[PDB]
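Chains as they are written, first to last, in the entry's author numbering: chain A, 2 to 387; chain B, 2 to 387; chain C, 2 to 387; chain D, 2 to 387. Think of the CB as a built atom: it goes at the ideal place given N, C-alpha and C, for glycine as much as any other residue. The structure under discussion appears below in the form of structure tokens.
Protein chains: 4
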Amino acid sequence: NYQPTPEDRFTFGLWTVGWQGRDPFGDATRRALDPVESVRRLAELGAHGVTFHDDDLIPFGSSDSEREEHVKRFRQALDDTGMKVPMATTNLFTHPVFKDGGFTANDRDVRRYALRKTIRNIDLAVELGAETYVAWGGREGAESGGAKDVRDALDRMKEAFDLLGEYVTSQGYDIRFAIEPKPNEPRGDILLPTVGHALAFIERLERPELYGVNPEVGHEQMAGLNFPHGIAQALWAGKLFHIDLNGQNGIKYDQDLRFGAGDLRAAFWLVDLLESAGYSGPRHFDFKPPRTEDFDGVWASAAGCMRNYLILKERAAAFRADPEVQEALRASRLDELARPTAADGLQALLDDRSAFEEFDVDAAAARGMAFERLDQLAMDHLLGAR
Amino acid sequence: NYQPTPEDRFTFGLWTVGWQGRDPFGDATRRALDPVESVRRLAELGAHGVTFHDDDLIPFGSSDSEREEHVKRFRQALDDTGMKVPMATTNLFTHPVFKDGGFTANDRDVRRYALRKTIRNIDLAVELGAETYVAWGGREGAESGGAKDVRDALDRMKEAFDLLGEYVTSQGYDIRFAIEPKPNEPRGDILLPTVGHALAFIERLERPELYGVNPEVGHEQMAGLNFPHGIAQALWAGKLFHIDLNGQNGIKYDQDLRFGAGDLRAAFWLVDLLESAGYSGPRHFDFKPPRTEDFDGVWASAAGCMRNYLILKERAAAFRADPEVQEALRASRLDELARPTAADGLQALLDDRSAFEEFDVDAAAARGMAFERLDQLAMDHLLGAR
Amino acid sequence: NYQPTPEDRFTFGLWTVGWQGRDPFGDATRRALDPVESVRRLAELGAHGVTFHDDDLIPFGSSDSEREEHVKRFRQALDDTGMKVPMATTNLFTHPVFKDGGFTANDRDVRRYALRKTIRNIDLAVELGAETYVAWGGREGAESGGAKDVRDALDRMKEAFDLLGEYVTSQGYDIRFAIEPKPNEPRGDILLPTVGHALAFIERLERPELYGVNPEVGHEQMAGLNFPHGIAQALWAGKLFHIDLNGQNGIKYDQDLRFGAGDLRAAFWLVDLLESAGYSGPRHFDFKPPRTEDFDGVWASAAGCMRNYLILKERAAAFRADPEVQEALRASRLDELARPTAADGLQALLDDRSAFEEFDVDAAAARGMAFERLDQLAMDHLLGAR
Amino acid sequence: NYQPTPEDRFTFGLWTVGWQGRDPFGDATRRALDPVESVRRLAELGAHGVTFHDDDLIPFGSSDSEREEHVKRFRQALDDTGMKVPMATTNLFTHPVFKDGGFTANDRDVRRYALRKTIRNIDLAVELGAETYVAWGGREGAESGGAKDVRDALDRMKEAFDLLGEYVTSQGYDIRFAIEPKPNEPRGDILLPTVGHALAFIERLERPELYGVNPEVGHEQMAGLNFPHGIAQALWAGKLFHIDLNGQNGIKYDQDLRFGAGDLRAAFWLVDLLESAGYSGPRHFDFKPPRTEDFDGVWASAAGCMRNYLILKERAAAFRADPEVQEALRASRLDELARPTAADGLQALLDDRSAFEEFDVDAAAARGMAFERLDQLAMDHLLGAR
Ligand SMILES: [Co+2]
Ligand SMILES: [Co+2]
Ligand SMILES: [Co+2]
Ligand SMILES: [Co+2]
Ligand SMILES: [Co+2]
Ligand SMILES: [Co+2]
Ligand SMILES: [Co+2]
Ligand SMILES: [Co+2]
């Protein structure tokens, strides 16, 4: 079962199924895919849409006539299949000119070029219907301490994002930005390394309402963080504008495994939170079919991303709907966690002897939280062992 | 040389040199220290002051007469030595009542008690002259996904911090709060796990100006992050209200080694940034003399925290003052990083053919950043090998 | 379903369900358990047996009459329940005398005492029927580089293990040793940090046949390693004498979560390998019910260790027995991996033009490994989604 | 000062200074270097020699006449400069045919080809005077659990190494093998992930004396391990046949920073151990000048590898020679660590009441180890702050 359809809003980057398998130690293992063929294959699997970097759709250095033809073929494939383009982004990391950054390159001419390259692709993104424009500053950072003054780099990164907000406002575009954190790789340390740092940075932009985050499962896990907890803080802040789904085994190079691989229980709690919270954005996969695979394995890996999301969605819904789980959640006081601490106000709390002088600390300490019984009901639901 | 004096503003927690050596697998290796003796010994070493949790100064469950006598003896030791108390904090983690949290415990009665316990110690902190009140929510978090809804927990954590801000405002106190992130330990994941998450959270409090961060070297390193980069983002945001200095070897349990141990080059770049930025707060050590040590080793370890800061301060100042380093920083375009990208404005950037149509991308890509020569001058300065 | 019975050979340490909840930052949350009560409760859950450190069964410093009474009560509980004692071990880590090690303490008198304490408990272990005697050198190591010369420490560690082998041989005992690696915690680095280092060390003991490894899920995961791969290398070497089962979330402090928690897919592949290989030793749990729990939560957490093993055993058996998986394993050439590379011999390989001069490297490179389809069949079996 | 000369035995791989800067997310930033030019530039810096993979010296797929000309030009550069070739190795990782491994590929034809490719380059290595032949099985491993049965893969890896030992013995060559562990990257988990696993594996080869390890600083640090401790265990086993020197910041992708970068104190203790132990092999750098650099930065980064080794060699020698350090080492009982525990024998230990019945455990526990004073003397020596 678990068959995706376009109504599930699953999307994939052209660069995901199109990854040719080159890595730090290895040459390509697959031929390049035409974006037209990836749109057709993904639609056959039940995807809703695709996303692109500028340079995935239009080879870098293309003439205007070449650009127009690449976009015309791609639009025909979208129209032939009903696929959408909800998100686009800029490649500010592959070309050697970006070796020290795009928006925070030490060279000022490079920073200006990075902005012009981004702006040209925002116009194209809006042409193709994108609602979200992602920015992953993979080259922003350093391998050594003297190379990059981070307060000056954050001043340049704020100027860049502010200028992009002024551009979209000036054009009357509805598109919003989603900043994608990553802690390292390819730079030794990347600026805005986690969801928290990106959220904090956005609050200092001139028009914060135009910007949110695009967290990626594997990126937060490369810092050993809890990805569902970081998504909860982004939702709490109203800033989950987009999300990248994949798998990662803890603290390593960015593996980009299919979604559901890597930390399976974290995938379960992530789906439980997105579905509980009513997240309505695309369920986007930023993954790489392993370079061991041929094209049949590429499409099997892409299909597995969607299948795993739909299995986990069913099991998380059954967990939350089970009367036995609902009783366990009240036994563990999840209902009390959702009640205000002191709606009575500060003076009432200060005058409340039950909160201090007559609080029986030992009786409260003795009360078990019952978290292990609750977690084994969660395990039983995930494994289909109820 | 490298002799600290009280003018260097070095401070230590009572619980640092007073740690008796109990760990997950081991009993105490040292007897308890009277706070009066730790104040006298630290002052002899050249410290400026000390800090405390409530329960380090006044044993938990003390009567009012016992509380008054503990505080009177401590005040006499401060007066005898000239030591200050710049910071205090609450212990919301040791007693079993806090096993699921203080401010975000699922039990509402526990959350109210945690607030009352904190408020009682804010009054004492102000009595003793503290300017900063730290909050390390070490028990806020979870070992399992169903135990803690993080959006509800952040709602409780905001209510708690807002009530503390209303209390200090109502009393006319000048004290400010500093939230201390940690990614895990003792909980499997701790809420507000990094400097970024704490900065983002503060922006949603009702009176954000009252709150900053108290980052700790080892805590950000437990997530594999670059501690100088996170301090730069806190400085950029105007939120470095306090800092905890120690050593850590990467991604492990919290080691709390003396400052300068663990990642030595990160200690160098940290001191370079604090001194360059003119940070004026205490240089506070939150460390543990290893449990292998006797009391002579406790004081040698405390002395080493201050010595290492002063050696690194000298070498970072010599690096920044060296004409050869200043020329290397211009060769690596650190001066251009500090210039605005587009003070000419968005329309001028859009009309600038030198930023796109006539930008020679290959000539810019060919220009080396000269970062390795700059970093080996930094290495040579740190090692005294110029 | 998934009800364990003593025939499943599940065992637990007294110190697991008996953990009182003390951690680096927290006091006990549960009262001490009498070993007699833990034997009765574990037997009711379907355990096969229990294991102990000397000091869990006989308080440190007990008189001979106290020792005899503790052992007599424990033996009565074993006889009343039918529980076994397959393994015992020494506590060479809690008492402050072991602050720098037992067998590799810098103090020679401490090393001799550690050996005498171990030998006294080997005699008791044999009295109680244990076949395996574990040694976890949690204090062997260092926080600083000058404190511990590791070649001298390995010379002391080999002398200690050789003397223990001479003792068991001299007594005619059948018991064998199992060395338990851990990479860090409580020492900053622990000697013999992984399964590989322990296996390599054993090959240099005088009677290597007497020693194997007791790997623990969470310990290898604290180094970011693949626990099933390390168990495969221990099985390949004939050295898996015992195993400790629990859960861990990657690279952190040792969490000791119940088995099946932490890395669930690694738990699946571990059970698949132990069952495929016909491992016949105890399935021992070295875990800690979280300190949030009361005693009801302790027994629920212990029950969950066994339940998760039995669910994973069923799903791994169904995976290996499924004709569709067997066809996928041949499509991925798992059958060819198990065939000798060159049973024809070196000269035949050198003379084989199909291995070099006429090997079509591009045709072989083009053949996909089909690993993603195989892994999604594994995912579907684990989740009960076939 | 700190000028290297060929007598310091510093060597570099052609692929180190020749790295063109391609990474998972980026195109080359530097042109290819002719090996003749790298030999000349490295000799000018004071290197002793160079090392190569087959495919660095002879492009893959070269004809015999092309092979002969590449080798003739390289030999002329060695003769012109006096540079040596102490080590060579095979590239069994770049070409797509090795996407699932060389020696442990699931495809048997690939395993046979990997052996033939290795054997052809052993002959060339011996022609050029190499004493050590490295094997880094970077493709041996898996991203998923069903793809690779590790006991079958270890059987194939032992067959491969045994056949290589039979080949060198049959030819009467003096060359020895050095197996290079790495825990992950490019495979999700690599087989023989650490020094310990490689040492353990070697003991099961048919002629173990022909094989040792080639540990790399950054590889063991990618598992969070202590690299000096792993080198000490390799020295203890008599198996340090070669070593790769570089820098790494903990648990991340393999950074290959210049030696002395990354964990500086670990670099200090490594040099102290190699020099103390009288290691006589090459001091080989396996590093990558960052892709931010031009060729001037490549040679500055290479020069910095050698400079940092020579600074650390001076400071470690001064530490060990300082009478104050020698007194601190006796205060910390490093002398007692080097004395046998029980040269009196097992029966004497059993009859020694001073080892048990009359051992004053509390007096021994009270004695501090004085490790912090010793470590701050080490810090002071490293920083030139005595
Ligand atoms: Co990624
Ligand atoms: Co992404
Ligand atoms: Co800490
Ligand atoms: Co702290
Ligand atoms: Co453990
Ligand atoms: Co264990
Ligand atoms: Co490397
Ligand atoms: Co290497």
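Using DSSP's beta-bridge definition, name the partner residues of residue i.
{"i": "residue 388(C)", "result": "No answer is possible for residue 388(C): it lies beyond the span of chain C, which begins at 2 and ends at 387."}
{"i": "residue 1(C)", "result": "Residue 1(C) is absent from the model: chain C starts at 2 and stops at 387."}
{"i": "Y212(A)", "result": "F178(A)"}
{"i": "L165(D)", "result": "Looking at the DSSP assignment, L165(D) forms no beta bridge with any residue, so it has no partner."}
{"i": "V51(A)", "result": "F13(A)"}
{"i": "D257(C)", "result": "Looking at the DSSP assignment, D257(C) forms no beta bridge with any residue, so it has no partner."}
{"i": "residue 1(A)", "result": "Given a span of 2 to 387 for chain A in the structure shown, any question on residue 1(A) remains unanswerable."}
{"i": "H285(C)", "result": "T12(C) and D245(C)"}
Whose Cβ in chain B lies nearer than 7 Å to the Cβ of residue i?
{"i": "residue 394(D)", "result": "One cannot answer for residue 394(D) here, as it falls past the ends of chain D, which runs 2 to 387."}
Please check if any C-beta of chain D sits within less than 8 Å of the C-beta of residue i.
{"i": "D150(A)", "result": "no"}
{"i": "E69(C)", "result": "no"}
{"i": "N107(C)", "result": "yes"}
{"i": "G19(B)", "result": "no"}
Hey, is residue i's beta-carbon within less than 8 Å of any beta-carbon in chain B?
{"i": "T52(D)", "result": "no"}
{"i": "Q377(D)", "result": "yes"}
{"i": "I252(D)", "result": "yes"}
{"i": "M380(D)", "result": "yes"}
{"i": "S66(A)", "result": "no"}
{"i": "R284(D)", "result": "no"}
Who are the neighbours of residue i on chain D, taking C-beta pairs under 7 Å?
{"i": "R292(A)", "result": "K100"}
Along chain B, in chain order, which residues have C-beta atoms closer than 9 Å to that of residue i?
{"i": "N247(D)", "result": "Those do not exist, as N247(D) stays about 13 Å from chain B at its closest Cβ, beyond 9 Å."}
{"i": "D295(D)", "result": "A367, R368, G369, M370 and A371"}
{"i": "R308(D)", "result": "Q377, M380, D381 and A386"}
Interface residues of chain A around residue i at Cβ under 7 Å?
{"i": "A161(B)", "result": "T342"}
{"i": "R266(C)", "result": "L265"}
Can you pull the chain A neighbours of residue i, defined as C-beta to C-beta under 8 Å?
{"i": "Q256(D)", "result": "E144 and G189"}
{"i": "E337(B)", "result": "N107, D108 and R109"}
Please compile the residues from chain B whose C-beta is within a distance smaller than 8 Å of the C-beta of residue i.
{"i": "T95(C)", "result": "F26, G27 and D28"}
{"i": "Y3(D)", "result": "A386"}
Counting only beta-carbon atoms, is residue i nearer than 8 Å to chain A?
{"i": "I312(C)", "result": "yes"}
{"i": "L46(B)", "result": "no"}
Residues of chain C with a CB under 8 Å from the CB of residue i: which are they?
{"i": "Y114(D)", "result": "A356, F357, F360, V362 and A365"}
Mind listing which residues of the region 209-223 of chain C have their C-beta closer than 9 Å to chain B's C-betas, in chain order? Flagged, chain order: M223.
Taking only beta carbons into account, state which residues of the region 354-367 of chain C come closer than 8 Å to chain A, listed in chain order. In summary, the residues of the region 354-367 of chain C whose CB is separated from some CB of chain A by less than 8 Å are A366 and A367, in the order they occur in the chain.
Under 5 Å, CB to nearest heavy atom of ligand 1: contacting residues: In chain order, the qualifying residues are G219(A), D255(A) and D257(A).
Could you run through the region 29-44 of chain D and flag, in chain order, every residue whose CB is less than 8 Å away from some CB of chain A? Sequence-ordered contacts of the region 29-44 of chain D with chain A read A29 and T30 [C-beta pairs closer than 8 Å].
Output, in sequence order along the chain, the residues in the region 178-200 of chain D whose CB is closer than 7 Å to any CB in chain A. Listed by position, the residues of the region 178-200 of chain D near chain A (Cβ gap below 7 Å) are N185, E186, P187 and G189.
Ligand 4: which residues have Cβ under 5 Å from any of its heavy atoms, chain order? Listed by position along the chain, the residues with Cβ atoms less than 5 Å from a non-hydrogen atom of ligand 4 are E217(B), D245(B) and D287(B).
For the region 123-147 of chain A, enumerate the residues whose C-beta is nearer than 7 Å to any C-beta of chain D, in chain order. So the close ones are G139 and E144.
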